[PDB]
Structure formats: structure tokens, C-alpha cells
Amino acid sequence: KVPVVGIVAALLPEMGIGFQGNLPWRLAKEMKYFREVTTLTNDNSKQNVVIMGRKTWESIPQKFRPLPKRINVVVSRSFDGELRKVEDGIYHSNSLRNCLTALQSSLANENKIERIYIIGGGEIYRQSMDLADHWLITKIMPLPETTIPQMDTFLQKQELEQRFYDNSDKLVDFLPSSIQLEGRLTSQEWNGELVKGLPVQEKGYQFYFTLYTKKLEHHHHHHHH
């Protein structure tokens, strides 16, 4: 009943997302977009949930964690229940799946969660493909004179394109109202593939914010009791 959305920044064409436990880059403008999207909501009385793998949590500077104004959920095979508070703004879960079921219960959340964001972990992203309804992806490209950074973690681009389709024409509509961007929706060919979204440039990088949505399904069966 509450939308499950994955959000990530990836460097084309392989979609590298991290290197040696960190980000391969440092771009102020990209962190700005991520912070505003996950934080802002359409209903002022609601907050968004940010769910992340345990390793992504340890990569966030201690000064900025937990992420402010958002319900934080860290998942680890070594935690206790399916969803339990451990500190202020922090929930611990031993199961990403049961964690979602629990969050969906309107008895527990009393309909005060606008969205559920899956904000990180290559390992977490791989299990989200069936779980998520949508995907917010920042596609990054090094400019001509820029060196390509090294990377060791990647988004599963294949699974993404089997279940989801590029819905960027609806990116602006999909984001919370209060957010404003400094570009116009643009289509640019880069290394063969089509890159559609909102354009930005910082340091020696060119990047685009995009949106992915689940594909239609055939009607094979509905459970009758």
C-alpha cells in the first residue's frame, strides 16, 4: 500500500556504484538531490523510510548518521526481530522481506509513511528487484578530459531492465513538489545507450537524474478463498 522505491547513483556504462567501501566520486550537487528526495514528502505529517544494508551504514560519516528527518532502517542477518527500534531514528531488522511486510501493516505505521526508500548496498539492491515498485537512478559520465575512477560494486542492470522500464518522462511528476532542479529533461546518446533525465555537471562529470517503473503484468491467477 506504500510505494517501495530504490534510489542510487551509478557511473555508466557498467553502473559502478562504489569502490573499497566508499563512493568513487564526491559531487555536492548529487548529494543535494539525494538528500532532498529522500527527505521531502508531499504530506507534512509523514516521513519517508530509508532502508540500507549494514555496510552502507558504516560508510556514512558518523556526523551525518542516522540521516536526518528520515526513518532509518539497517538490516543485518545478525539482528533480532523482523523490525525493532534500537535508538532514536534507528530501526534494526534481520530480514529485508519481513521488514517490508511489517512496514506495510497500517496498524503499525498508522498510515504515516509516505514512501519506503532503499538507499544502498550492492547486496541490498540485488534483493530489491522483486520488492521495489520504482527506481531513482543517477546516471553518471566522465567528461572527455576526465579520468574514469576505479570501482568494485555494480547495480544489476540486467534484472533492472527485465522488470522495469525507463519512466523518466515522469521524473518531475514523481518527485516531491518542493524540489526544484536546474535543468530541462534531455535525451543524450552516450556510448551507444540512451540517457534521458535532468542534466548536471560538476568537477569533470556530466550526470542525469532518472526514474524507472515496473512493467505491466499478465493476469495469470488471483487467490480465491
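Numbering starts at 1 and runs along the sequence shown.
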(request) Decide which of the stretches 107-115 and 150-158 has the higher mean C-alpha B-factor, going by the entry. (result) 107-115
(request) With reference to the PDB entry, specify whether the mean Cα temperature factor is higher for 83-91 or for 129-137. (result) 83-91
(message) Considering every modelled residue of the chain and its Cα B-factor in the PDB entry, is residue 99 in the lowest, middle or highest third?
(response) middle
(request) Taking the values exactly as deposited, rank residue 178 by C-alpha B-factor within its chain and report the matching third: lowest, middle or highest. (result) highest
(request) Would you check the entry's CA temperature factor for residue 201 and let me know if it's in the chain's lowest, middle or highest third? (result) highest
(request) Sorting the chain's modelled residues by C-alpha B-factor, tell me whether residue 172 ends up in the lowest, middle or highest third. (result) highest
(message) Splitting the chain's C-alpha B-factors into thirds, which one does residue 59 fall into?
(response) middle
